[PDB]
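Trainee:
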Ligand SMILES: OC[C@H]1N/C(=N\O)[C@H](O)[C@@H](O)[C@@H]1O
Ligand SMILES: [Zn+2]
C-alpha cells in the first residue's frame, strides 16, 4: 500500500547529487550573459502558425523586514505600492500585478475603508491582481522547519480564503538563498500545481539551461512513483531584477526598466539608459527587446515565455506605474502588429503563464524532465557561497525553534475545549502564529537583517512566547481542575512555565525558584505536558529553595529524585579564569516525569527537614590547578577538588563516556563488553580573508581551514548522580557541557563570542568512521539528504544547512548529531562532523545589508549525540539519495524540539487539582506525530471543527522487534464527531469524506491533514 522509501532508487532525469558529481563548476566568462554563453536562435523557429507567446508579469519584491522593520517598510513603501496598485489596476483593465507577502497585504487591507475593500476584491476576482504562493512571507528554505513553513503558508492562505476568496495554486520564490524540496512537498499537499524558483547556483543554471531542463517535475528524493512531483520553473539568470529577466544581456534589458531614466534616482550601471518609447524609436526598440526574448526562449521547451517585470519595492510611485505601463503598451502594440516578429506579448500573471505552458504540454509540444534533489549551497558568483546565513544570528535561530514548540503546544492544549471570547484565546494564538510566521522570512531566521530589525523580530517573538504561555497555562488549569470547581479568571496566571533550556543558564536568569519551607509553604504542584502522541518519560528539573525535597505523583507514590547544585559560570576578571560558582540559596531537583500521549501529568514537590528517602544527591568534582573552596549553602555533599585528569562516567545501563583532561569527550563505549569508540570533540575557529572578498551575514569566505581554539588549562566540573551526570568546561567563548541521563548524551554550549571580531567558532567531532566523502544533513527537519564533499569546490561550498541533524556512517558505525537550532555544518574529512556555533564579522559582504555581524549575544545551543552500530540496519543502496534516522536518533531529535513543557502552580493551594489528563489517548507508533492540532472554529459555531496534521517519518529497521501500538484516529479524539474529512495541509479544501468518521494513519514520509467536525 505504502511506497517503499528505502529500497527503490527513483529513476529521474536529473538527480542533483549525481549532477554535482559530474559537473565542472568552472567560472568562465560567457560574454554578455556572464555565467552562460552567447545564445543563438533560428529566426525561422517562430512563424504565423507558431508564435512566441510572451507574458510580462509585473511584480514588487517586498521584504517583511530587512534593512527597515516590517512596520517601517509598510509606512515608507508597501502601503504606497498597494494603494497605487489598487488605483492603477482599477483604472487600467489590461494591467496585471502579482503579490506574494500576505503579511503586508493583511496589514494594508485592514486599514482600508469598505469602498476600497470592494474595489480590491473586484481586481482580484477579475484576475488583474493575482496572489502567488499566498504565505504570510516568502520563507527561507535552509533554516526553517517544515512545520513553520506550513504554519506561515496556512496563515496567509487562511487570510486569503476568508477575505479575498482565493487560494493560490502557483508559488513564487524569487529570493530565498537556495531552495529546498520541502517546498514542493508542502505545496503539492496544499493544492499547488506549479512553483517558481530563482536563487540556484550559477553553474546549475548554466548546466540545466544547456539541456533545457529549467522546467522540471520536482519530486522527492525517495519518491519512486512520482506522486509528490510538482511542476517547477527555475529562472535562468543572475537576478530577478529587470536587467536579468528580459534576456541574457543585462546591458540591453536595463534599457527596458523605465524606472531607470533619472528622476527616480536609479540608473543603468551598463551605461545605456532606458529611452522613452516613441513612434520614431519603437521599431528599433522592439527589435532589441524581441531579440532578448527569443534568446531567453531558447532555454525553454514551449512557445510560452515568462518575463517578470519588477524589483525590490517597485510599483510605488504613480509616475512609476505610468512609465512602465505606457512604454510596455507601446512596445506590445508595435510587436504584436508586426507579423515578422511572430510574437504575441501581453501583461500577464504567473498562473496565466503556467496555464499556457501546460496547454502547450497537453498539445504535445513539450515533455518535461523529472528532477530530485535540492539547490544548496547557493553561490551567485565566483566562490561567493551563501553558507554564512546558515549560522548568522544564532540566538534568534534557536529562539525560532523554542517558539515553534510553544505555538504547537499552545494550539494543542487549548484545542481540547471551546473557549469563551472573553478568554482571548484566539487573539493570543493568532498573534503568536503571526509573529513566528513573520520570522520565517528570508531575512528573519536567516540572520541577514539590520541590527535594529533583528531586535524587532526578537521583541515580536518574545511577545509571542508570552501569548503562548498565557494560553497554555489557562488550558492546563481547565484541563486539570474538577469541572464543578473550575473558576477561571481569564486574566490570571495560574501557572508559570519553567524552561531549563531557553534562554538558558548564563543567557538569562529567568527561571523561578520554587520556595518551600516549614514556616511558609510545604509543597508545590507542578505539571508536565507532552505534545507528542505517545507515552513519554523524560527527566525534568526545577529550582527549589531547599535541597531537602521529595517528589510524589498525584496518587502520592514516591518518585525517585536527584538534587544537584545550581552552577553558573563566570569570567573571573580577577583570576582570568572561566569557572563555576555554586548557588547558596537554591538547588536543582530532577526526576523522571511520565506523561500521557498529548497529555498532562501532575507531581508534587514537598520539603522536609532532612534527606528524604527517595531523593539522592549528586557528587561534584572541580578539576583545576590552584583550586579554591566552593561552599553550597545547605547542599549536603562537599565539593571535591583535583588536578585536571581524564575521567569516565556511566549513568544507568547507558553508554560509558570518557573525557580528556580538558573536559571534552574522547570516547563512547556503548556496552560493558563493547570497544571504547573514539569520538573527540574539538573547538576551532575560522577567520576572514585580508585580501579579497570578506565574509558577512550571507557569505562564508574563510581564510583557510579552521585553527584549533587554544584552550589553556580550563576548569572542568564533573557532577555525578544516579539520574543525571555531567561534565562542563569553561573554554574561551564556550561553556561546553556533556550531560548523561542513561542514553545518548545531551550537549549544551553556552556560546559567547564576545569581542572576537572576524571569527567563526566551530564545534568538530573527530571519529574513525570510514565515511569517506559522504555525510547526511536534514532539510527543514523533514528528511535527510545524502551530501558528498567535493574537493572541486571550496570549503564554504561544502557547508550545508543543519536545520535539525546530520550524520556520518560506514558499514558498521553511525554518529548522528541532532540540533535544537539550525546552524551550518559539514564533514570536511572522513570521520568528521562539524557545526558552526557563532560568527562575528566586521565587514559587509556586498549583498545589500550594509553592516557586518557585530550584535552577537550569548546563546545556549543544544544537541544530542547518538553513536550507533548500524551493520544490521536495512539501509538504502549506494545510489539512493536519502538517508534515514534510527529510532534512537529520531527520539533524540524530538527531545530537543518538542520536550515536555513544565508548569509551576502559581499560588499556595490548587483546589480541585487532578492527577492526569489524556490517560485514555492512544499511544501511537513512534514514527507518527501529530504535528498540528488546531481548533478551527470559534465558540459560537454550531459545528465545531478541529484540524490535525499527521506526519509519519521513516525510521531504519535494525532488528528491534516492533511492539504493539494503538491505532491513532484523530477524528475520535474529541467527542460528538459528526464528520471526518481529509483536507489539504492548510485545512482549506476538503479532499475526502471519510467512512466511519475514521482518519487513517499515513505512510512513511507522508503528511496528511484531517478535520473533524463535532456537534456543539
Ligand atoms: O542580496 C540579498 C538581499 N537583497 C535583497 N534585495 O536587494 C533581498 O530582497 C533581501 O531579502 C536579501 O537579503
Ligand atoms: Zn528578499
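Numbering (full-length UniProt numbering), first residue to last: 93 to 1108. Note that beta-carbon positions come from the ideal geometry of N, C-alpha and C, so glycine has one too.
1. Taking Cβ positions, are residue 866 and residue 878 nearer each other than 8 angstroms?
2. Hey, would you say residue 1037 sits closer than 8 angstroms to residue 1103, going by beta carbons?
3. From residue 1083 to residue 1100, what distance separates their C-alpha atoms?
4. Determine the contact status of residue 958 and residue 834, defining contact as a CB-CB distance below 8 angstroms.
5. Out of curiosity, what's the CA-to-CA distance linking residue 665 and residue 671?
6. Does the distance from the CB of residue 819 to the CB of residue 806 come in under 8 angstroms?
7. Do residue 157 and residue 779 come within 8 angstroms of each other at the CB atom, strictly closer than that value?
8. On the DSSP bridge assignment, give the partners of residue 707 in chain order.
9. Compute every distance between the C-beta of residue 535 and the non-hydrogen atoms of ligand 2, then say whether any falls below 7 angstroms.
10. For residue 699 versus residue 614, is the C-beta distance shorter than 8 angstroms?
11. With 16 as the cutoff for other CB atoms within 10 Å, does residue 802 come out buried or exposed?
12. Answer with buried or exposed for residue 97, where buried requires no fewer than 16 other C-beta atoms within 10 angstroms of its C-beta.
13. How would you label residue 364, buried or exposed, when you count the other beta carbons within 10 angstroms and need 16 or more for buried?
14. For a test of the three-state rule: what should DSSP assign to residue 635, helix, strand or coil?
15. Can you give me the C-alpha to C-alpha distance between residue 701 and residue 612, rounded to a whole angstrom?
16. For residue 954 and residue 444, what's the separation of their Cα atoms in angstroms?
17. Among the residues of its own chain, which have a CB less than 6 angstroms from the CB of residue 430, if the five just before and after it don't count?
18. List in chain order the residues whose CB is within less than 5 angstroms of at least one heavy atom of ligand 2.
19. Please classify residue 517: does DSSP put it in a helix, a strand, or coil?
20. From the DSSP output, in three-state form, read off residue 388 for me.
21. Could you tell me the distance, in whole angstroms, from the CA atom of residue 33 to the CA atom of residue 815?
22. Helix, strand or coil for residue 337? Go by DSSP, reduced to three states.
23. Under 8 angstroms between the Cβ atoms of residue 123 and residue 441?
24. Return the first residue and the last residue of the beta strand (DSSP E) that residue 778 is part of.
25. Mind checking who residue 152 pairs with in its DSSP beta bridge?
26. Find out if the Cβ-Cβ distance for the pair residue 697, residue 619 is shorter than 8 angstroms.
27. Excluding sequence positions up to five away, which residues of its chain have a Cβ less than 8 angstroms from the Cβ of residue 309?
28. Does DSSP put residue 140 in a helix, in a strand, or in coil?
29. Output needed for residue 963: all residues of its chain with C-beta closer than 7 angstroms, excluding positions within five of it in sequence on either side, in chain order.
30. Which same chain residues, not among the five before or five after residue 1124, have their C-beta less than 6 angstroms away from its C-beta?
31. Quick check on the burial criterion: 16 or more other C-beta atoms within 10 angstroms. Buried or exposed for residue 202?
32. Have a look at the DSSP bridge pairing and note the partners of residue 262.
33. Does the beta-carbon of residue 798 have 16 or more other beta-carbons within 10 angstroms, so that it is buried, or is it exposed?
34. Can you tell me whether DSSP reads residue 672 as helix, strand or coil?
35. Got a sec? Which residues, its chain only, sit under 7 angstroms from residue 746 by beta carbon, not counting five neighbours each side?
Mentor: Short version:
1. On the chain shown, residue 866 is found 774 positions in, with the first residue counted as 1. On the chain shown, residue 878 is found 786 positions in, with the first residue counted as 1. Yes, the pair counts as a contact, with Cβ atoms nearer than the cut-off.
2. For the purposes of this step, residue 1037 is taken as the residue at position 945 of the chain shown. For the purposes of this step, residue 1103 is taken as the residue at position 1011 of the chain shown. In this structure, residue 1103 lies closer than 8 angstroms to residue 1037 by Cβ.
3. As a first step, residue 1083 must be located in the chain shown, where it is residue number 991. As a first step, residue 1100 must be located in the chain shown, where it is residue number 1008. Straight-line Cα distance between these residues: approximately 11 angstroms.
4. Taking the first residue of the chain shown as position 1, residue 958 is located at position 866. Taking the first residue of the chain shown as position 1, residue 834 is located at position 742. In this structure, residue 834 does not lie closer than 8 angstroms to residue 958 by Cβ.
5. For the purposes of this step, residue 665 is identified with residue 573 of the chain shown, where counting begins at 1. For the purposes of this step, residue 671 is identified with residue 579 of the chain shown, where counting begins at 1. Computed Cα separation, rounded: 11 angstroms.
6. Here the question's residue 819 lines up with position 727 in the chain shown. Here the question's residue 806 lines up with position 714 in the chain shown. No, the pair does not count as a contact, with Cβ atoms beyond the cut-off.
7. Taking the chain shown and counting its residues from 1, the one referred to as residue 779 is at position 687. Taking the chain shown and counting its residues from 1, the one referred to as residue 157 is at position 65. No. Outside cutoff.
8. Locating residue 707 in the chain shown gives position 615, counting from the first residue. Note: residue 707 sits in a beta bridge opposite 653.
9. As a first step, residue 535 must be located in the chain shown, where it is residue number 443. Yes, ligand 2 has a heavy atom inside 7 angstroms of this Cβ.
10. As a first step, residue 699 is located in the chain shown; it is residue number 607 there, counting from the start. As a first step, residue 614 is located in the chain shown; it is residue number 522 there, counting from the start. Their beta carbons are under 8 angstroms apart, which means residue 699 touches residue 614 by this criterion.
11. Taking the first residue of the chain shown as 1, we reach residue 802 at position 710. Under this definition residue 802 is an exposed residue.
12. Here residue 97 refers to the residue found at position 5 when the chain shown is read from its first residue. Looking at its Cβ environment, which holds 16 or more other Cβ atoms inside 10 Å, residue 97 is buried.
13. Residue 364 sits at position 272 when you count from the first residue of the chain shown. Label assigned to residue 364: exposed.
14. Along the chain shown, one-based indexing puts residue 635 at 543. Residue state, collapsed to three classes: strand.
15. Sequence index remark: in the chain shown, residue 701 carries index 609 (1-based). Sequence index remark: in the chain shown, residue 612 carries index 520 (1-based). Distance between the alpha carbons of residue 701 and residue 612: 14 angstroms.
16. Here residue 954 is taken as the residue at index 862 of the chain shown, counted from 1. Here residue 444 is taken as the residue at index 352 of the chain shown, counted from 1. Each residue's Cα considered, the two are about 47 angstroms apart.
17. Locating residue 430 in the chain shown gives position 338, where the first residue counts as 1. Excluding positions up to five away in sequence, the list is empty.
18. 155 and 267
19. Indexing the chain shown from 1 puts residue 517 at position 425. Residue 517: helix per DSSP, three-state reduction.
20. Locating residue 388 in the chain shown gives position 296, where the first residue counts as 1. In the structure shown, residue 388 sits in a helix (DSSP, three-state: H, G or I).
21. Because the chain spans 93 through 1108 in this model, residue 33 falls outside it and cannot be assessed.
22. The residue given as residue 337 occupies position 245 in the chain shown. It is coil, neither helix nor strand.
23. Within the chain shown, numbered from 1, the residue matching residue 123 stands at position 31. Within the chain shown, numbered from 1, the residue matching residue 441 stands at position 349. No, the Cβ-Cβ distance between residue 123 and residue 441 is not below 8 angstroms.
24. On the chain shown, residue 778 is found 686 positions in, with the first residue counted as 1. Unbroken beta strand (DSSP E) run through residue 778: 768-778.
25. Indexing the chain shown from 1 puts residue 152 at position 60. Partner(s): 403.
26. Position 605 of the chain shown, counting from 1, holds the residue named residue 697. Position 527 of the chain shown, counting from 1, holds the residue named residue 619. No, Cβ-Cβ distance for residue 697 and residue 619 is not below 8 angstroms.
27. Along the chain shown, read from residue 1 onward, the residue named residue 309 stands at position 217. 318, 321, 322, 323, 324, 460, 461, 462 and 463, listed in sequence order.
28. Within the chain shown, numbered from 1, the residue matching residue 140 stands at position 48. If DSSP states are grouped into helix, strand and coil, residue 140 belongs with coil.
29. Mapped onto the chain shown, residue 963 falls at position 871. Answer for residue 963: 903 and 904, listed in chain order.
30. Nothing in the structure corresponds to residue 1124, since the chain is present only between 93 and 1108.
31. As a first step, residue 202 is located in the chain shown; it is residue number 110 there, counting from the start. Exposed, because fewer than 16 other Cβ atoms sit within 10 Å of the Cβ of residue 202.
32. Looking up residue 262 in the chain shown gives position 170. The partner list for residue 262 (beta bridge, DSSP) reads 286.
33. Counted from its first residue, the chain shown places residue 798 at position 706. So residue 798 counts as buried.
34. Against the chain shown, residue 672 aligns to sequence position 580. Correct three-state label for residue 672: strand.
35. The count along the chain shown starts at 1 and reaches residue 746 at position 654. The residues are 832, 834 and 835.
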